[PDB]
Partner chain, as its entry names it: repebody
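Below you'll find only one chain, the form deposited without the partner chain, shown as structure tokens.
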């Protein structure tokens, strides 16, 4: 029978009020013999009716893939409400039920520190700027770099690491031309997390 996978919104979508967070229910292996899928959606066990189900679409293993998308309210997600997808198909013994919610646990505020390049490194032609983010919980987070209001996207960020106190830390490494650094340009690490005021902080770094 078919399989169902339920996916959360993007952290940045739940944290920025301008954005629209979505929960996504994906049904795979819908065979031709029975192509019809019914989605029932529930928030905290109360059924809701505003999900939008997409035109089911045929895959190369020649079976079907069906997707329903439910817009969530930012504060519902952040307040820990549970989102249940129920998938009904002729070919199932019983309907499939998947439930998802925000990672549980007492929130803890990220501490954000920018670290300049090592001396050592001032001899190649690029330098590494570092954004250390530590002490946060849960691990859902968004970390971005910019300069003069523009995204600097030539960076890589480690996954969150569980630290000895049960909080998480990570490191974002931004690589820039050494000339940009030596000439005094200002670079900024932006962090978005539920435990921050306005879900947002920015820390800047320059020579």
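Residue numbers count along the first chain shown, from 1.
- Relative to its counterpart among 78 to 86 and 118 to 126, 118 to 126 has the higher mean temperature factor, C-alpha atoms as listed in the PDB entry.
- Here the stretch with the larger average CA B-factor, out of 128 to 136 and 98 to 106, is 98 to 106.
- Of the candidates 174, 162, 28, 170, the PDB record gives 28 the highest C-alpha temperature factor.
- The entry lists a Cα temperature factor for residue 157 that places it in the lowest third of the chain's modelled residues.
- Ranked by C-alpha B-factor against the other modelled residues of its chain, residue 200 falls in the lowest third.
- Among the modelled residues of the chain, residue 72 sits in the middle third by CA temperature factor in this PDB entry.
- Compared with the other modelled residues of the chain, the Cα B-factor recorded for residue 145 ranks in the lowest third.
Just so it is clear, the following notes concern the form deposited with the partner chain bound, a form of the same protein that is not shown.
- Residue contact check for residue 86: none of its heavy atoms lie within 4.5 Å of the partner chain in the deposited complex.
- Contact check for residue 97: every heavy atom lies farther than 4.5 Å from the partner chain in the deposited complex.
- In the deposited complex, residue 36 stays away from the partner chain, with no heavy atom inside 4.5 Å.
- At least one heavy atom of residue 44 is located within 4.5 Å of the partner chain in the deposited complex.
- Site residues 73, 80 and 104 are all in contact with the partner chain in the deposited complex, judged by any heavy atom within 4.5 Å.
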